[PDB]
Colleague: 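Before we start, here is the structure in question, set down as structure tokens.
For the numbers below, each heavy atom of this structure counts, side chains included, while hydrogens, waters and symmetry mates do not. Chain identifiers are assigned alphabetically (A, B, ...) following the order of the sequence lines, protein sequences preceding nucleic acid strands; residue numbering begins at 1 within each chain. Whatever order the structure lists ligands and atoms in, that order sets their numbers, starting from 1.
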There are 2 protein chains.
Amino acid sequence: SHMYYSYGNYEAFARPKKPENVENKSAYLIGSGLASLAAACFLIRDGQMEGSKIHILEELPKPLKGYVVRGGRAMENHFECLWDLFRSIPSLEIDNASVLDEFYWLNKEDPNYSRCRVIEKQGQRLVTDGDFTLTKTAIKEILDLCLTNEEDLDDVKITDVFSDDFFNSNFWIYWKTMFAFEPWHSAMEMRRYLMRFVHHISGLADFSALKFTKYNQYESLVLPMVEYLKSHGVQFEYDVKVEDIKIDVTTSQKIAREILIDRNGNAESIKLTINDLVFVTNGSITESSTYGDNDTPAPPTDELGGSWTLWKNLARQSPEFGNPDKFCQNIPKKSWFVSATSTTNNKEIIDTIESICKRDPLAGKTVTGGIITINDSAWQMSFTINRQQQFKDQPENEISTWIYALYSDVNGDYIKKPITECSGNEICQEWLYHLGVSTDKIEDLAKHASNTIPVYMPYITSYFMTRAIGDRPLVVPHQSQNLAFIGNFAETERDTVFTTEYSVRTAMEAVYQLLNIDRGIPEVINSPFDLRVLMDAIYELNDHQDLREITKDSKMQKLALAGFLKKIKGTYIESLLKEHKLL
Amino acid sequence: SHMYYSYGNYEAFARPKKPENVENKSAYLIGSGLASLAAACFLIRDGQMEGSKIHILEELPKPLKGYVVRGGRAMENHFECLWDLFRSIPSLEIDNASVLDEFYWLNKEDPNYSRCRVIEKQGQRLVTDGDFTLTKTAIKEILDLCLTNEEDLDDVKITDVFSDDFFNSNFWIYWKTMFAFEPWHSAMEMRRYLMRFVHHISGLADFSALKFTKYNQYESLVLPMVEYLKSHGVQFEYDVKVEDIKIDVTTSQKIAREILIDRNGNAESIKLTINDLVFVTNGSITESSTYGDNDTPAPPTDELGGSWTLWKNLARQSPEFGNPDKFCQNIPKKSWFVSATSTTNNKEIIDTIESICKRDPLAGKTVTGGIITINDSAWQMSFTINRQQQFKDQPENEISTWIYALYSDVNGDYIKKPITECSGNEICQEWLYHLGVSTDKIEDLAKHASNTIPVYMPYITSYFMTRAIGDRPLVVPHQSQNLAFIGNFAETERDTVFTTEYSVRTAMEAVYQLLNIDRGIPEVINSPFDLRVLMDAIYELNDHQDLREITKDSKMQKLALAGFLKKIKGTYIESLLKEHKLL
Ligand SMILES: CCCCCCCC/C=C\CCCCCCCC(=O)O
Ligand SMILES: CCCCCCCC/C=C\CCCCCCCC(=O)O
Ligand SMILES: [K+]
Ligand SMILES: [K+]
């Protein structure tokens with residue numbers, strides 16, 4: 001009621017009037033991740049809140065044994081809120097240009113695509129690569145899922161809605177690895193993904209729809225925002241651990257009253273009035289991460305960190321604040337936990353990568369174009385090499401490779417141990433084996449020619465845990481006066497979590513609602529409602545067959561189609577179907 | 001091939017790289033209407049062409065007996081190209097705001113809607129006002145038209161595709177008068193309108209979808225653009241009549257070589273190279289306009305002016321440059337020709353208007369909210385009163401009313417003459433009669449208390465003449481190197497003419513194509529392909545009935561619906577249909 005959804009250029013280009021009474025308001029942002037930063041940016045730009053009244057509370061202060069590549073997930077053109085934000089953030093690389101400009105021009109200069117998406121048998125390209133290999137049964141299961149109401153998917157697993165045909169498809173290889181879905185994850189979220197990205201189905205196998213920043217996410221997204229916020233006087237408070245927020249939850253209002261913090265070791269409290277807004281990033285996929293090195297595994301852990309402890313403390317004050325235990329408890333021990341960043345200047349390794357991905361990793365352009373999946377790896381390992389180098393101060397003869405394994409409790413094929421028990425050099429050895437490197441060189445090249453840093457992340461799969469409506473708090477809970485939840489464990493319609501777009505969307509919706517900003521929020525792109533996109537999807541999903549080939553081997557369908565074509569012959573519907581290759 | 005269509009914020013907010021070799025190029029814009037001005041703006045902003053190399057050639061120089069209101073057509077939110085343009089044009093009314101900002105804020109401060117759309121019997125509101133009164137037969141004719149391929153509508157009249165039920169509907173009253181469609185006009189263009197604006201069907205009767213500038217179009221749109229262009233050094237050349245452009249049309253290229261002009265009376269020629277771009281606004285609805293006064297009719301005329309003569313001279317050089325005679329010849333003598341602007345400070349007239357439209361005309365906010373149609377007027381007359389005053393220097397106790405008649409060859413009900421034979425005061429008398437003013441006061445109030453300026457426009461209905469594909473030139477004809485056609489007689493996909501959006505779209509497409517600008521053009525809004533919008537349309541078109549009421553009185557349908565509901569029961573399709581009130 002305190003916001004509305006829109007689309008089109010009118011609302012995109014319009015500027016909101018200064019919101020009412022904002023001169024008497026303040027904001028506290030809990031956490032320093034992308035959602036907090038984006039919310040602060042919207043407070044400055046569209047709330048016209050004074051930067052000095054904006055307080056970002058970060059647990060970290062103002063030494064790892066090598067380079068580590070973080071989230072690094074791709075974006076797409078229809079990250080509608082994220083581009084609304086980053087058109088206003090100055091680039092740190094190009095004069096008089098925004099982050100969006102630099103990104104837009106870069107991905108036109110050097111457009112992303114994969115020349116080798118799946119390998120097997122120690123370095124062979126998969127033979128059916130490029131094809132979805134979906135049977136009619138699997139396709140009907142996909143569409144049956146989209147045709148299920150989200151409300152009917154409470155706690156439903158991906159394995160509850162798909163059968164053997166689907167799980168044997170190339171589609172499932174592409175899908176599970178690029179998005180990091182496990183079979184026991186949320187069918188509700190998988191449905192959101194299917195609908196959310198249907199306009200890019202023709203780019204699923206070759207990653208032609210992916211777009212990437214010039215450098216790692218921190219240098220290309222976080223640092224530009226931080227510079228923008230600091231230039232506007234926003235206050236960054238470091239070594240602040242937020243332990244609880246006392247919230248009054250009455251029959252008529254929800255009002256945050258006090259932030260209980262541990263500053264640099266000392267218990268303190270921030271008293272809030274109704275004009276002091278609090279933005280909580282509830283939960284975190286990176287909390288309690290541990291780090292290994294070339295010779296040491298990352299020590300597994302089950303610690304609840306400060307992020308999960310805080311959400312638990314808020315949930316104790318109202319069921320409307322969500323159910324953190326659905327996301328941070330009972331995570332299967334087979335789940336993805338470990339990622340590794342393997343850095344080398346060794347020509348044997350780099351030349352091996354070149355022979356598989358067909359591009360020079362040191363040229364400074366696209367290399368793998370996104371992850372390469374090792375389809376027959378016991379770990380279900382994938383790895384990617386982005387445009388090199390991904391760190392501004394890294395030597396120009398080095399590459400850094402990011403590696404992850406979807407299965408954490410199964411022996412590797414060359415290193416006969418679960419990934420959670422492997423040092424950096426052992427992870428690199430298993431990877432080199434699957435590249436086809438000669439087995440008499442693997443040990444030396446991993447131990448002495450590379451430096452590999454593993455990271456153990458207990459909650460990295462947490463976004464996708466099976467959930468019920470109500471497990472995630474509304475961005476602005478009902479009757480909340482000065483409290484919002486942002487980030488990928490907050491609830492909003494149809495958008496997909498594990499994306500930076502979701503972080504920016506929740507940030508924008510929280511700020512606009514709490515300040516009653518008179519401007520539209522862009523809806524999640526309308527592609528699942530667009531007949532043209534749905535026609536393309538049928539054509540692509542059936543691996544480029546028209547309606548006659550699709551129905552050929554079924555009399556019942558073969559006849560319903562002939563009756564359909566009779567009615568639409570010579571009409572606009574027939575020309576549309578022909579334009580989208582269905583006729 | 002030299003442009004691409006896009007939608008969403010990514011392409012909206014992105015800035016194009018400077019196009020290649022633009023530093024060696026020039027532009028000549030023929031005419032000073034909105035399309036020429038918009039093209040010049042895009043040349044500056046996105047072509048990064050130097051303003052000194054941009055030459056606008058206007059026939060007019062750098063005295064009417066009263067105020068005259070011109071085009072004054074409304075806009076809507078999904079004028080996608082127009083808002084792309086006017087976000088970059090500084091407002092002349094508000095500091096540090098664009099034209100878009102001022103427009104956006106104004107129409108939120110004072111949103112448009114009609115409190116009385118149709119009157120009859122000398123000032124009575126129409127009883128069924130607000131309802132479409134469409135029969136099932138008429139609705140199927142509407143959808144059958146949309147389901148016809150545009151290519152099958154060559155030279156087809158509106159009367160060729162609709163029957164008595166449709167022409168007796170309130171829908172047709174609303175539609176024909178707000179858009180100025182005549183029964184003999186283009187069914188192809190009517191189809192484009194139905195598809196183009198389907199997202200606003202719920203605002204058709206009460207004009208809630210309409211948005212208006214603060215002042216008349218010249219003060220609120222043209223003058224801001226002119227100031228922008230002059231501030232960038234763009235050259236305005238006045239008293240230049242362009243008589244012909246010599247174009248080389250070879251087997252491989254189309255190249256404009258020479259502009260033949262009459263400057264201030266003297267024959268001259270502008271020599272063009274391939275790097276000199278020429279933008280022709282072919283044809284004009286305002287050419288050869290004549291003016292009357294309170295005591296004199298506007299003299300009818302059939303003169304081809306300079307605009308139509310120029311298009312004819314170009315068409316003689318290639319059929320690819322269009323067929324002007326389809327639009328400027330054989331216009332029926334019943335067509336709309338006359339509009340009048342009636343200005344008064346008289347309290348009897350203003351109070352009469354207040355009693356019909358329910359708002360104070362002098363308050364400075366919406367008055368009629370768009371045209372009021374006099375349904376039983378022999379002339380088929382409508383009139384509107386915008387926010388007053390529409391001219392910045394007009395006295396604050398005056399209103400100006402705009403009046404037009406769809407039928408030009410039929411005696412009025414009070415003044416027993418065709419409108420083409422009427423003085424300004426006689427047009428005002430016929431109007432006052434239909435307002436219900438007492439017949440013993442009409443003559444005095446028209447002659448002495450009002451000043452009414454009639455305008456005769458031979459080509460005002462020209463955009464809508466029946467046409468065939470090929471009658472309008474492509475914005476950039478095939479193989480054209482330096483020549484483009486812009487404005488509402490140029491050809492582009494799915495957009496609707498007689499709109500300022502069409503002028504800006506053709507301008508943008510011409511500039512982007514001729515300069516090969518590397519940025520997307522926003523497509524015509526995708527509403528006819530959006531299932532949600534199509535569901536709303538069925539609900540509104542059937543005057544707010546669900547699928548069971550719609551089908552109730554037909555056994556055949558009543559059964560196909562029961563079979564449909566059986567298949568979709570409990571699915572996402574059913575929830576969608578319920579959300580859009582069809583179930
Ligand atoms: C009713 C709707 C039917 C939906 C059909 C479902 C098919 C979805 C197809 C897969 C989308 C592939 C997405 C790959 C693009 C990369 C994602 C990204 O941009 O981040
Ligand atoms: C296949 C598509 C079916 C199309 C259904 C057609 C019904 C169209 C309904 C009328 C649209 C009314 C437009 C009124 C809004 C004002 C126009 C404007 O904004 O300038
Ligand atoms: K917006
Ligand atoms: K654009």
Side-chain angles (χ1 to χ4, degrees), chain A residues 3-16 46 77 80-81 83-85 104 508 512 517-523 531 571-573 576, chain B residues 3-16 42 46 73-85 104 112 132 134 139 141-148 171 174-175 178-179 190-212 370 494 496 498-502 508 512 517-523 525-531 533-542:
Chain A
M3 58 155 282
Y4 65 100
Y5 284 120
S6 60
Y7 56 101
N9 284 350
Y10 189 64
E11 291 278 2
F13 295 132
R15 295 195 298 125
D46 297 343
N77 54 340
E80 298 299 313
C81 305
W83 300 130
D84 193 326
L85 167 70
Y104 181 84
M508 196 185 188
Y512 274 44
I517 295 184
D518 195 3
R519 166 183 189 253
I521 300 276
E523 63 166 8
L531 300 169
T571 83
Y572 183 50
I573 304 195
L576 280 182
Chain B
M3 58 155 282
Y4 65 100
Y5 284 120
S6 60
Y7 56 101
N9 284 350
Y10 189 64
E11 291 278 2
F13 295 132
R15 295 195 298 125
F42 288 118
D46 297 343
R73 281 212 160 191
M75 292 93 137
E76 55 142 346
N77 54 340
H78 288 302
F79 278 14
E80 298 299 313
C81 305
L82 185 139
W83 300 130
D84 193 326
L85 167 70
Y104 181 84
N112 189 86
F132 290 158
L134 284 169
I139 291 164
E141 276 167 10
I142 292 164
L143 309 160
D144 282 355
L145 177 55
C146 305
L147 282 193
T148 311
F171 184 98
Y174 302 139
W175 182 272
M178 76 181 288
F179 294 131
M190 171 147 177
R191 176 175 174 280
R192 283 190 173 213
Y193 265 74
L194 290 166
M195 289 172 62
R196 166 76 171 80
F197 296 114
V198 58
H199 54 283
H200 287 312
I201 186 173
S202 69
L204 154 71
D206 67 358
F207 281 150
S208 47
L210 277 44
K211 300 178 157 58
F212 290 98
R494 339 165 15 217
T496 49
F498 220 153
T499 64
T500 56
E501 169 66 1
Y502 202 94
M508 196 185 188
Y512 274 44
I517 295 184
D518 195 3
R519 166 183 189 253
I521 300 276
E523 63 166 8
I525 195 67
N526 62 15
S527 35
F529 308 108
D530 187 319
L531 300 169
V533 172
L534 295 174
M535 291 183 182
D536 296 341
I538 301 162
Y539 178 72
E540 298 288 319
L541 270 177
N542 289 269

Colleague: When rounded to the nearest 0.5 angstrom, what is the spacing between CG in B:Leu534 and CG in B:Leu541?
Modeller: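 Going from the CG atom of B:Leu534 to the CG atom of B:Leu541 covers 10.5 Å.
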Colleague: Does B:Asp84 put an N, O or S atom under 3.4 Å from the K ion (ligand 4)?
Modeller: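 Short answer: no, not a single N, O or S atom is under the cut-off.
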Colleague: Would you check, one step at a time, whether the test side chain to side chain contact (heavy atoms under 4.5 Å, CB included) holds for A:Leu531 with A:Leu576?
Modeller: CA-CA 9 Å; A:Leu531 300 169; A:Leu576 280 182; over 6 Å; no
Colleague: Identify the protein heavy atom lying closest to atom 11 (C) of ligand 2, giving its residue, its atom name and the separation to 0.1 Å.
Modeller: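 Of the protein heavy atoms, B:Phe197 O, 3.1 Å lies nearest.
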Colleague: Any idea which part of B:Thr499 is under 4.0 Å from ligand 2, heavy-atom wise: side chain, backbone, both or neither?
Modeller: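 Under 4.0 Å from ligand 2, B:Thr499 contributes no heavy atoms.
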Colleague: Could you identify the single nearest non-hydrogen protein atom to atom 15 (C) of ligand 2 and state the distance to 0.1 Å?
Modeller: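 It is B:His200 CB, 3.4 Å.
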Colleague: Among all the protein's non-hydrogen atoms, which is closest to atom 19 (O) of ligand 2, and how far away is it?
Modeller: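 Ranking protein heavy atoms by distance from atom 19 (O) of ligand 2, first comes B:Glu76 CB, 2.9 Å.
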Colleague: Where does B:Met178 meet ligand 2, judged by heavy-atom distances below 4.0 Å: at the side chain, the backbone, both, or neither?
Modeller: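 For B:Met178, the contact with ligand 2 is made by the side chain alone.
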Colleague: Which heavy atom of the protein is the closest neighbour of atom 2 (C) of ligand 2, given with residue, atom name and distance?
Modeller: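 For this ligand atom, the closest protein heavy atom is B:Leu534 CD2, 3.7 Å.
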Colleague: Under a 4.0 angstrom heavy-atom cut-off, which atoms of ligand 2 come close to B:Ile201?
Modeller: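 Near B:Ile201, the atoms of ligand 2 are 9 (C).
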Colleague: Within this structure, what is the CG-OG1 distance for the pair B:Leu82 and B:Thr499, rounded to the nearest 0.5 Å?
Modeller: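 Answer for the CG-OG1 pair, B:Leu82 versus B:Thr499, is 9.0 Å.
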Colleague: Could you check B:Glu76 against B:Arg196 for salt bridge (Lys or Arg N to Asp or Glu O under 4.0 Å), going step by step and ending with a plain yes or no?
Modeller: CA-CA 11 Å; B:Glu76 55 142 346; B:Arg196 166 76 171 80; 2.6 Å; yes
Colleague: Which side-chain N or O atoms in residues 203-212 of chain B pair as donor and acceptor under 3.5 Å with protein atoms at least two apart or in another chain?
Modeller:
from: B:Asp206; atom 1: OD1; to: B:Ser208; atom 2: N; distance (Å): 3.0
from: B:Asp206; atom 1: OD1; to: B:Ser208; atom 2: OG; distance (Å): 2.8

Colleague: Which atoms of ligand 2 sit under 4.0 Å from any heavy atom of B:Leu210?
Modeller: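 Listed by number with element, the hits are 16 (C).
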Colleague: Decide, counting backbone as well as side-chain atoms, whether A:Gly520 has an N, O or S atom less than 3.4 Å from the K ion (ligand 3).
Modeller: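 It does: A:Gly520 brings an N, O or S atom closer than 3.4 Å to the K ion (ligand 3).
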Colleague: In the protein, what heavy atom is nearest to atom 5 (C) of ligand 2, and what distance, to one decimal place, separates them?
Modeller: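 Going atom by atom, the protein heavy atom closest to atom 5 (C) of ligand 2 ends up being B:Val198 CG2, 3.7 Å.
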Colleague: What is the nearest protein non-hydrogen atom to atom 10 (C) of ligand 2, stated with its residue, atom name and distance?
Modeller: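 Sorting protein heavy atoms by distance from atom 10 (C) of ligand 2 puts B:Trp175 CZ3, 3.6 Å first.
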Colleague: Nearest 0.5 Å, please: how far is CG in B:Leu194 from CG in B:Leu143?
Modeller: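 Between B:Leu143 CG and B:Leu194 CG, I get 9.0 Å after rounding to 0.5 Å.
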Colleague: Enumerate, atom names and distances included, each donor-acceptor pair closer than 3.5 Å involving a side-chain atom of residues 7-16 of chain B, sequence neighbours excluded.
Modeller:
from: B:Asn9; atom 1: ND2; to: A:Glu80; atom 2: O; distance (Å): 3.1
from: B:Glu11; atom 1: OE1; to: A:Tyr104; atom 2: OH; distance (Å): 2.7
from: B:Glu11; atom 1: OE1; to: B:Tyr4; atom 2: OH; distance (Å): 3.2
from: B:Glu11; atom 1: OE1; to: B:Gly520; atom 2: N; distance (Å): 3.0
from: B:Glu11; atom 1: OE2; to: B:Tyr4; atom 2: OH; distance (Å): 2.6
from: B:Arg15; atom 1: NE; to: A:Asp101; atom 2: OD2; distance (Å): 3.2
from: B:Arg15; atom 1: NH2; to: A:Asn96; atom 2: O; distance (Å): 2.9
from: B:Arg15; atom 1: NH2; to: A:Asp101; atom 2: OD2; distance (Å): 3.4

Colleague: In terms of relative ring orientation, are B:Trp175 and B:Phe179 parallel, tilted or perpendicular, with 30° and 60° separating the classes?
Modeller: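 If you compare the ring of B:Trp175 with that of B:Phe179, the planes turn out perpendicular.
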Colleague: So how far is it from B:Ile139 CD1 to B:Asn542 CG, rounded to the nearest 0.5 Å?
Modeller: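 Rounded to the nearest 0.5 Å, the CD1-CG separation comes out at 4.0 Å.
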Colleague: Can you tell me which residue and heavy atom of the protein come closest to atom 8 (C) of ligand 2, and the distance to 0.1 Å?
Modeller: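 Answer for atom 8 (C) of ligand 2: B:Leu194 O, 3.3 Å.
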Colleague: Restricting to N, O or S, what is the name of the atom of B:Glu11 that lies nearest the K ion (ligand 4)?
Modeller: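 It is O, the N, O or S atom of B:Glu11 closest to the K ion (ligand 4).
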